[PDB]
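Report on one structure; see the data block that follows.
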Amino acid sequence: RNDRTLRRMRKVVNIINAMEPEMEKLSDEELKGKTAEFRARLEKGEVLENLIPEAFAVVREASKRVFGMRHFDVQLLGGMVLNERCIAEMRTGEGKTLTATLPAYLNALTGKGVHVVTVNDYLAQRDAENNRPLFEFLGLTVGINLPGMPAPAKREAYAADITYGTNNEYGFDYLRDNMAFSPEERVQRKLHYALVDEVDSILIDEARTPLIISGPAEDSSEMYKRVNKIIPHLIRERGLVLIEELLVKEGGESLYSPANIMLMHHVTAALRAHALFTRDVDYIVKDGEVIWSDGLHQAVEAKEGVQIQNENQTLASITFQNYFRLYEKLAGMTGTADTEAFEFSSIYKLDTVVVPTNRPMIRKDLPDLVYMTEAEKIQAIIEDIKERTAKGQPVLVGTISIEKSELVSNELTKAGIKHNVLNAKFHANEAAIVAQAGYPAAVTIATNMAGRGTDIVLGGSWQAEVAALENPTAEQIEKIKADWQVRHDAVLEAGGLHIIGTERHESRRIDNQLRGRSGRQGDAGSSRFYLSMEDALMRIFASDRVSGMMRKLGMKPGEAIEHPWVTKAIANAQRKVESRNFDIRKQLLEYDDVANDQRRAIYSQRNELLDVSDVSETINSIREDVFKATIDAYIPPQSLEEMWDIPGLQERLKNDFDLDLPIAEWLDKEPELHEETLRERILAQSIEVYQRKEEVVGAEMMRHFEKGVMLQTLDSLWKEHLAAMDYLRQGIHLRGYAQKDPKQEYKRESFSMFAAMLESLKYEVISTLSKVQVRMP
């Protein structure tokens, strides 16, 4: 890791820089042609990574001509990092935007597409539109993906060499591609390269945010009707023994758990709407309706024979994490937050890299200061502000709440320090203050600072000064720049922006984001964090004496020392809280792996179906398994004749497979028969009746109706399964309790239920193709 991979990349950077004159000599057309040359070399078997130096140099030259921007060495380093499965930490102002142009080019060369993942659509459109001329200069096409975009335009967007889009719409496009009924319906290609704009939020904070496609269901009016057909048998354990037995329908064992809940909230409702809601008494039936709660309304409609009011359910679901783990290559960017490299490597095998700034980082991060009380802390803070503003140095003070901002505001005013508070209610004022936030001695209080935030220009923004002018002359802009130079230089001499944190937050990342506001692009700066024994943060030592021992080092109302071990102790606490968080996270991700693997498995199988034209083989093969398994249920393999249930098999075949065979007559006529030949008879009859229907309809039509039925049934059982899993998982605050562990039983019932779903899949597919009505000559 380390400078170990950084010096490797610096070596390459030297090669790229060394390449510059070469690239300066080439024509526009020769630069354009480079892409084709690289692609020809890749086709002829060159390793992409070997092209990094040249390709980057080409891109940089292209940017020099097109944008008039020459990527810095560190941008090249970042681009090289982003070629790996790595997270690139790039300080604010280091031009994450421009840097990202490099690995997009490089990973487009293989001709398999690039997905640039933005935080929102505006940036996707902006970056796409702004970068379009660069990549066309180098003979590549750029796509933009938006929610609500027509499928052909989405297809166009994904078929372009480099695509820009948001995280969400990519995920929804995946779900929709995995709801397609033909491969031409797909919008995406094979998921090749994903570059994610803010991985802190997107891959960590939003890791578990579900992306969901919902719809009106379909499988209403079913389960309900069959559950309804069972209850009127019942009279005022038995009843329960009788109920479970009476499912020559859904489900050895055993409604009651863990899965067969569905059935429970389905039954207690059959039942519950029979003696519990009296017919024309508690409600009325008018105009095909019942005129409720928990499946109970739908049951009444099943009982009274009404149209059941089928209603939204989840059709498709995925977390960001589980979607992005599908890409062949994955990379991302963030602000100097990170702190979680090992987490990214654990969860994603993403190594993270701190990319050095173009100019040196010269912010002085001073040691944390600790006081007995809030009041003394505040006093020291006031004193610090007073000293630095006395030097002409501007200050940004960060607080943890509006009340604290007010508190410090009042105190500063009490001390005669002019300042402005940034109030979330007043956006115009915020922008107006931030314009002057870096003016000599300016003092600004911010509450729970957002993230990255508007650059605060040291000495003020002269650019806002001209944007202010009514009718800007030439010599006004000289007075302005000259004055600005002096202010900027004076502020730089006074030490740049000072950052004051009045508390530390429970999460240090917030502190790092506050602190990140100073020292940008090599500007001078400093930071200081202050703490007290009555800070919220000083609660996490869950012990009054313990925290109360620090009071014996004394502090002396303003005669403090600084103990560099305190800062380490504090950082250690916060990294232990973070470790605690990660332990919890890993546990939750262990639960997520079940559904993730289930989805992955089912979608792999679904796409196997989708990718093939002709499902004959699969049909025949699962036909064998289904009928074999089905006969086995009435004729146990290698058992005696007295165990056979022929009426059961004749009813089951007629009812579920529309196949009326004289098996009783077969057995009683030839004592020659034997199982295998009976199984072959049934098979042969089903086959010939089916091939007859094919001869009625045609081959092509059979292949395509087969596919459709496979997919429809797959989808329907999947959506049902998602819901069963949903109820199962949410049910786990009453199922796993007294002594025995929850989880583990969960994975068992998940696997059991998923297995059940695949065999039911086979059964229902074959049943459907066997029951489909054709007018037989």
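Residues displayed in chain A correspond, in order, to Swiss-Prot positions 13-248, 276-290, 295-334, 349-834.
Determined via X-ray crystallography, 3.5 Å.
Each Cβ is built from the backbone N, Cα and C atoms, and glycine gets one as well.
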| query | Out of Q87, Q520, which is the one Swiss-Prot records at the ATP site of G105, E106, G107, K108, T109, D512? | reply | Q87
| Near the Cβ of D512 (ATP binding site), how many other Cβ atoms are there if near means within 10 Å? | 16
| field | Span of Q87, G105, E106, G107, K108, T109, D512 around ATP - largest C-alpha separation, Å | value | 20
| task | Quick one: give me the count of other CB atoms within 10 A of the CB of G105 (ATP binding site). | result | 17
| query | Sorted by position, what residues of the same chain at least six away from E106 (ATP binding site) have a C-beta under 8 A from it? | reply | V86, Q87, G90, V412, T414, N415, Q578
| message | Using a 10 Å radius around each Cβ and all protein chains in view, which of these binding-site residues has the most neighbours: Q87, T109? | response | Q87
| remark: Filtered by Cβ under 8 Å and at least 6 apart in sequence, the residues in the chain of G107 (ATP binding site) near it are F84, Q87
| said: What is the straight-line CA distance, in whole angstrom, from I334 to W349 across the 14 unmodelled residues? | reply: 9
